[PDB]
């Protein structure tokens, strides 16, 4: 994670992130729409940070300090590079939308009016196929990854010391190995709740209401396809 984006999403809401003189200029319904879009981006930033802890802190640390066999590390962190690629690209598109919407002279005041289109692109065509394929593989390997972690922690002394060392800082409190795996599995089922609530406050422009409606249907088709393609693997 980078300081610029962490500071831009430090506040608990869009209403507390923008200047109060900018907030006063907007209707209550616009503020409600913007608060939900801000939560979607803020939680997408946290999700990409979860994936970076898995690849750079856990996976890479095990390869370079413990000299663990790549086959074992792959079993602990299935599809983390592909997941990182999908969500960093989605996040870049979300943050670019906010950046274009900024008022000149400001790094915090903005209104995002056209999210639906970005959501239709993310959850359709090649990117939707890559999310379905990647999450069907990840979620089928989820139970095996937890069992493999538990076996290593209880039998290898060097592994246990490495875990205790890298998870000691207060910024890793919610992000142990198993916690990261479940945070990733649960991410995809958060999208319909966020999109439905953005849609609830996006009736002002009929084309945006239609775009959000299509995006919601696309996300549900994705989730149904992933759910149908899962079978827990066992070692």
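Positions refer to the first chain, counted from 1. Rigid core (definition): largest C-alpha set, two forms, superposition within 1.5 Å.
When the other structures are laid on the shown form by the core, the C-alphas of 175 to 183 and 60 to 68 differ in how far they drift in 8 other deposited structures of this protein; the larger average drift belongs to 60 to 68.
Rigid core fits of the other structures in 8 other deposited structures of this protein place the C-alpha atoms of one stretch farther away on average; of 130 to 138 and 70 to 78, that stretch is 70 to 78. Stretch comparison (29 to 37 versus 65 to 73) by mean CA B-factor in the PDB entry places 65 to 73 on top. The stretch with the higher mean CA B factor, choosing between 41 to 49 and 202 to 210, is 202 to 210.
Take 94, 139, 128, 102 and read off each C-alpha B-factor from the entry; 128 has the highest. For residue 84, the recorded CA temperature factor ranks within the middle third of the chain's modelled residues. In the deposited entry, the Cα temperature factor of residue 98 places it in the lowest third of its chain's modelled residues. Per the PDB record, residue ranking by Cα B-factor puts residue 59 in the highest third of the chain. In the deposited entry, the Cα temperature factor of residue 224 places it in the middle third of its chain's modelled residues.
Among all modelled residues in its chain, residue 161 ranks in the highest third by Cα B-factor.
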